[PDB]
Amino acid sequence: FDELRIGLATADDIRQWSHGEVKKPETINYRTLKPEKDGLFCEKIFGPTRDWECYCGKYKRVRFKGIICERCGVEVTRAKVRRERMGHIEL
Amino acid sequence: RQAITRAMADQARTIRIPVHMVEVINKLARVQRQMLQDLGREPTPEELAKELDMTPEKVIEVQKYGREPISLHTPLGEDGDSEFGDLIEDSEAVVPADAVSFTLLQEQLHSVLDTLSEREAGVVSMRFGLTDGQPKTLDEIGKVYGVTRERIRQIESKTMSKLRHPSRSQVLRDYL
Amino acid sequence: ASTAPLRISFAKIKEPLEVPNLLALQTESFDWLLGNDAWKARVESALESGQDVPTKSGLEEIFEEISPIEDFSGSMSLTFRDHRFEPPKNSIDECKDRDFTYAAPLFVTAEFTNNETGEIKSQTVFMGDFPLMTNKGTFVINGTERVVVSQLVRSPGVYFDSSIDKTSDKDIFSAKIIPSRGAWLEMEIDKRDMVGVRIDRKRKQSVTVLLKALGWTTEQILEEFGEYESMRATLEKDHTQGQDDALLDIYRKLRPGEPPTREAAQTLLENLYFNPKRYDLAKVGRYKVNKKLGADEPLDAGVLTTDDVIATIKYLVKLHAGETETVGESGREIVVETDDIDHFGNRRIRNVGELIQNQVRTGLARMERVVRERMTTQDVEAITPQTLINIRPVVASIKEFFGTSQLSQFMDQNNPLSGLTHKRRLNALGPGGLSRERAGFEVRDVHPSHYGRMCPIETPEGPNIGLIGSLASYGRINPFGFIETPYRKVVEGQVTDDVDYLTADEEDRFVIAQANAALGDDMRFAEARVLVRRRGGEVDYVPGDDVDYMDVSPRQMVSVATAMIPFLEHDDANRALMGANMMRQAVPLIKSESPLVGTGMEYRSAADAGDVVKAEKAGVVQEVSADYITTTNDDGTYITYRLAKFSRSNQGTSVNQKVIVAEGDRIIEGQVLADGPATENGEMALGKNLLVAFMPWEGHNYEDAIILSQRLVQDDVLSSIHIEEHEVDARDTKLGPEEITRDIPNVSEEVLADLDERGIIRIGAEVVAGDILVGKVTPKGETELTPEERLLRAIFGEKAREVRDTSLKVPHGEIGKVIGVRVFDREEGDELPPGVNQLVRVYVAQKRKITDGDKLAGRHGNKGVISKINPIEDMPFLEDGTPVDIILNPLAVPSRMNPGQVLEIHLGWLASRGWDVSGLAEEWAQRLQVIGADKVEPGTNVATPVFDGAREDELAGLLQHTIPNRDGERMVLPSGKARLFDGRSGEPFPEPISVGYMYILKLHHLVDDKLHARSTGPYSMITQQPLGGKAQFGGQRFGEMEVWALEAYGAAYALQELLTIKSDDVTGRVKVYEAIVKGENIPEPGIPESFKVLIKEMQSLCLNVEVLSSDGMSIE
Amino acid sequence: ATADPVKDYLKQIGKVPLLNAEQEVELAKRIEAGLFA
Amino acid sequence: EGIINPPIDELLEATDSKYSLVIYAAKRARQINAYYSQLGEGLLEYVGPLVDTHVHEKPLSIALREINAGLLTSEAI
Amino acid sequence: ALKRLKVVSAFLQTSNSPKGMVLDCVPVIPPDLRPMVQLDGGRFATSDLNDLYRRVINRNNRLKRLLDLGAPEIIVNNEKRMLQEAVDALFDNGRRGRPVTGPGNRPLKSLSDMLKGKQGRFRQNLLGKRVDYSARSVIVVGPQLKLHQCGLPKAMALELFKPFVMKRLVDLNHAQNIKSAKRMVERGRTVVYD
Ligand SMILES: [Zn+2]
């Protein structure tokens, strides 16, 4: 903490911040009450809803953290990453 | 009308409802409005169920599925006392009492295991994954340690007995 | 006769008029709205008595205003002729218990008629349930008693304003027509030496274009307006001429972007104003505009006409020219003058009837649009009244009114006085009216009109000061919505026993006297000089026979709450205001006692309040009991009244009702049988009366704190029951259902000791914080046992089961004996909302005694927190050994400027010890003898009306002539003080001390409810800081000024901890808790979470807010 | 460019020639002509 | 036996300021608390209370007691 | 010309190009900061940013579909205008004409609105924060106290000092272990008050 530089955020910078692309307005399935795919709240882009728990029922334990499951693409980690990770919308 | 109805079904509600569920909910809603008009009273669930021809469980299911969210950023009731999004608690917050109690449990358990013999404490630890989140089966332990699956089973049983003595049980009882 | 218990009256002047039904404001308004038998009965009674009254009801009127729907072909018509009600299905206690809005069916006969078919088809249709009002002016909705409070609004009509502009150096005059519903229009004159019109303030325009657009031609315009040069100048400077040219110009200005069209513009102008629907001026609007503009009998109900607009123009120019009297346009001569908005003739109360009527009107308008749409999309011969009308809008409007509205306010049942004061309030805040932000200085300030119409003493002291006020004692509502007041009739200097009701405007013309003015033995004035008031609030005197009207009772200007205070006249207005606000918070006690000294009006306030239970027949009681009382009228009808017992009110206070009548005592209609909360023998009793002595005492009553004996704790003198109700519901989630069972998991055995079979706490079982009221268990959950939990379970051989404990427990800091439990089951015949299979409510009732910290207060705005409760001996006792029950700091009363409390204390002492005055031949003795309050036994109560109280001479004389209480000596000296023996030291105090009996109240600002602490508790979600409130373990807010003060000290590390460790940092909170418990030193703070929230938020506004270090990138 | 964009949309519709029968059948005829083209 | 038991004036004249006194006594209190929570490592760097100590005490009371006695000294880097 | 010189020179000296005026990609707030949190009773809690992001995503999708097929200039231009209005409402709802009222009862919240005003982040959750380890109650007068003494009722003192009371209870062996100490303080036995 020495200086909070602030300035215009170009398109390249916003792409750099984003960990993915949001392509749908879907939020959560009305029955399973889980985030849908690649919409808002998507785990593939933002993060896992439950600690280290992916979406598809595959790798589901604290031991094997720091890997991406090829089924749903969720990167197992702490749920707190959902408070940091941010996406973007291409117009 | 087709495009308007389709897109109203697919983009009007915050929680996306599938089109067949949209037509089911709107059908039961309009027919319920009708029966309110004729009977002049709130219809009973069984009458609604026989009207829709489905079972009451489906009636309750769709009735609960046909709601809408309430916005957090709304007047909570007073003039300006924050909003509805500043009165409900979260579940992901780590209750510090729980965290410190769990850490104390970890310390006490580790000390009690250290009380036991080195091999005994080790085998029980792997059997219950106290070093790593994945406990190892009896045979699973009998590779790095070099003991037979029934041998490791036996010493695991003796460890279970030893820790079950009243000696190393007064402290751990109170943590449940 | 036997209506009220005997209360000696110190009043000097007889009152011809009796106080009306104090709750008339709500009951009569809703009677009118329903148009039931009562409203029409009063209508015919007034008609045969000659009194004016609206002879058309409320509901039927709004139905009739809806003309039959006409399609584009106009072939079809629906007639809503007659509306009717049916008895409600649910009883009132029933509706309260199972949470049903107390409503009744509402049918109406719809008649279908088509010219093409030439046939009439009549069929009855049901519009929906209608929230009905109980006899005590409340709407029991969803089990909670709401009350709809009146609303003050600016009446529709014309209003002229005079102002001064500093730049212009000359006066500026404006006019505004405020419609009931439609769009608004303004007419400013000589803004810059010309007159112009604001059609919704769309654009700059002149008056000449408007007149030309109308059929009125220039020649007659200048003929009528050639006598004023300003308007001639406006006419000549206007280059445009011709009706078509002006009309197209104004149409283009109003709706630019399209070519002007004659028919479209004419239709637009007709639609905006002349259409009866868009500009529906209320009956009050036309009623007042005809009187103001002076037009002699215009159309009784209708829209503004061109004649009205020209009349307003002429009125405005006449006002501007300086002429003060001018011939009315098509009317008599009238004064032309500016009118102030704040005058109470311009202010109208929207009683409950009108509010509910307006909401029904909006719902019916939506219904009209819906049926018109259906008619446009429906085939003939398949159209029926049953099928076409949609009833959703009416029900969905009358339901969205009573809930989610400022005017439908939660009842406050702290006591009967609070009930009445909630019923009679006139909330200026609300939809379509003066909001909190819109408040100014003028509206809050009292006006000379507020005399007998709106109590100026009492009002909330908060930011909404003065906006909300209580209706005066004798106030009554004009049918147009104005407030009337009663005045006696005076003729040739002789005040007559005849009464007339005057509104806020009619009062101006006449000159009104003062009720306090004395009168001779004959009915004439005793003194030629008499105080009077006149136009503009002037107070000048007018001796001799010149007045015509006088106030009927001196308490006209004071509401019920303020009227209760005795010796009000001696108190400052501020302290009387605070004493009126406080008297609406006294909680009922275990045993209530009527004031020894009080106004003579508490009987009426108690009786007309709905809490008390009075008889509807004159018979003989046959069975008296705590739960119920049975009576037998001479006719033969047997009626049993059920007395509520310890049923929770809205404020969590008991409503225990006692019984006064014996077995064989005769009864009269309206007589009182059972007291209510804070009542005694039908007399209001908001508290107890204590022996008070004024003296500083060791500083424990410093800064207005209070010292009271342990006698009050000992004898339960100040003790109040409090019943809390918390409930839990067995809902079904996606995993499964919830079970209410005694078999709660992961618990000990003794915790579930007092539970019932199905997991409900027994009745009569004392509880404490943490006790289990009802045992509930979650269906299941995905449990991934942690390694430590796995090992521990293996060791102890316990099976951690998917079912998880979620039982209801008493919130922290609580105590009480359960008094009742109610269970509602889905599978049973009872109905519940969707999902909830079972619902359980438990009542926990405690007897809070008076303790330290509790807020106490008297009637005159003297309040204080208890600071110490000395034993009975430490109290400085009197010459006969009686300890004083309460000490109060004298230092309050001089600065507080409320010496009325000292008067009350002396008169309370006088009331406690009787007096005998016979043949004394003294002036005060003569006054007492003629009044009839001469021979008074000890203990009986005494009455001093609010503005005819006992003169100080009376108090002095009675003090001289008190009854000797013991041994033949009077403990109080003629000065009204007494010798106080210090209880602790024992020596007599150096000088006498003032003592007497003062009425104190136990406020609802109890300490137990305020107390709250927090080690660590719930945390918010969007920002991880702790959340607020007491119910959720909320940490106090460290506002901006706190951090400013801490910076002023130079304390930086305390600020760091109070901002990062003690909130807003998830990593640091667990660490600090661990370090404190382990004893390790506090760890270094990190960064706060709210800062990361902010940087992420300003990252999402396309501002690359980057945190950088001096040497390149930083470490975080 | 004004507030309540629907008003500007309605103006953007403006005045266009409503189609009577022969007009629109001829338009559809040239539509199918262009389709084959 | 109170917050005001060590009077402040001696501490100010000892440390020549008031804020410096707060931070310096706080550092000493931290050191004594770290010593009291050693629980067995016995690091040579840590130094226990120089003045007598009660069976249960706050570290800061002892730190300020040491300042009042004056045996403790500070030195800015 | 002075104002023009100020802004143009401010852009010239700074390395960033002016084209940041016209954004191409819209960042979306992390979901946890706009929670669609579950509520008991089958109901839901949604923050208005969810609605505004849904609106912009919907309009962008519709614009893409309209561009994919050969579409008239009028419809596509009105669609781009709709997208512009949606983005403007997202960043600042109510800065042009009527606001995006959403449900109709109240204007929807927007990104800038959370960063502004009395209830904004700057003045409500960065300068003045709520704090743990605190309490509140009515105050009475105590004369017998000395100048540096204040009285705390039993309950408030016990609740404020929970960690310290736990540590002292475990150290004196009044309680066996930490969890038992928690249970005993919650019970409120006399030894806890001592
Ligand atoms: Zn997966």
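Residue numbers (PDB author numbering), protein chains in the order written: chain A, 7 to 97; chain B, 335 to 510; chain C, 16 to 1131; chain D, 210 to 246; chain E, 9 to 85; chain F, 292 to 485. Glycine included, C-beta positions come from ideal geometry on N, C-alpha and C.
Contact list for residue i against chain B, beta-carbon separation under 9 Å
i	result
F335 of chain F	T348, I349, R401, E402, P403 and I404
Within 8 Å, strictly: CB atoms of residue i and residue j
i	j	result
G360 of chain C	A519 of chain C	yes
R468 of chain C	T500 of chain C	yes
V818 of chain C	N442 of chain C	no
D586 of chain C	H875 of chain C	yes
residue 1 of chain A	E27 of chain A	The requested residue 1 of chain A is not part of the displayed model; chain A covers only 7 to 97.
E739 of chain C	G667 of chain C	yes
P953 of chain C	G929 of chain C	yes
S1030 of chain C	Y484 of chain F	no
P54 of chain A	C48 of chain A	no
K473 of chain F	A431 of chain B	yes
Residue-level contact to chain C via CB, residue i, 8 Å cutoff
i	result
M369 of chain B	no
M405 of chain F	yes
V396 of chain B	no
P430 of chain B	yes
Closer than 8 Å to chain F by CB, residue i
i	result
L1074 of chain C	yes
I70 of chain E	no
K30 of chain A	yes
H25 of chain A	no
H976 of chain C	no
Residue i at chain A interface by Cβ criterion, 8 Å
i	result
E391 of chain B	no
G419 of chain B	no
Whole-angstrom C-beta distance between residue j and residue i, which should lie under 8 Å
i	j	result
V434 of chain B	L506 of chain B	Not quite, the Cβ-Cβ distance comes to about 17 Å (not below 8 Å), so this is no contact.
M565 of chain C	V505 of chain C	6 Å
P379 of chain B	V393 of chain B	6 Å
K438 of chain C	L48 of chain C	With 8 Å as the limit, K438 of chain C and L48 of chain C do not qualify as a contact, their Cβ atoms being about 16 Å apart.
Beta-carbon neighbours of residue i, restricted to chain C and to distances below 8 Å
i	result
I12 of chain A	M1113, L1118, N1119, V1120 and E1121
Residues that residue i contacts on chain C, provided the C-beta gap is smaller than 7 Å
i	result
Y27 of chain E	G1065
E9 of chain A	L1123
Chain F residues whose Cβ lies nearer than 7 Å to that of residue i
i	result
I11 of chain E	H439
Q232 of chain D	Result: empty, since nearest Cβ-Cβ is about 19 Å, beyond 7 Å.
Contacts of residue i in chain A (Cβ-Cβ under 8 Å)
i	result
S1129 of chain C	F7 and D8
7 Å Cβ cut-off: residues of chain B touching residue i
i	result
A17 of chain A	Chain B residues near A17 of chain A: none, gap ~27 Å exceeds 7 Å.
Contact with chain B by residue i, beta-carbon distance below 8 Å
i	result
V68 of chain A	yes
Cβ of residue i within 8 Å of any chain E Cβ
i	result
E740 of chain C	no
heavy atom of ligand 3 below 7 Å from residue i C-beta
i	result
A455 of chain B	No copy of ligand 3 appears in this structure; the ligands present are ligand 1.
Quiz prompt | Residues surrounding ligand 1 [beta-carbon distance to nearest heavy atom under 6 Å] | solution = A:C60, A:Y61, A:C62, A:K64, A:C75, A:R77, A:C78 and A:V80
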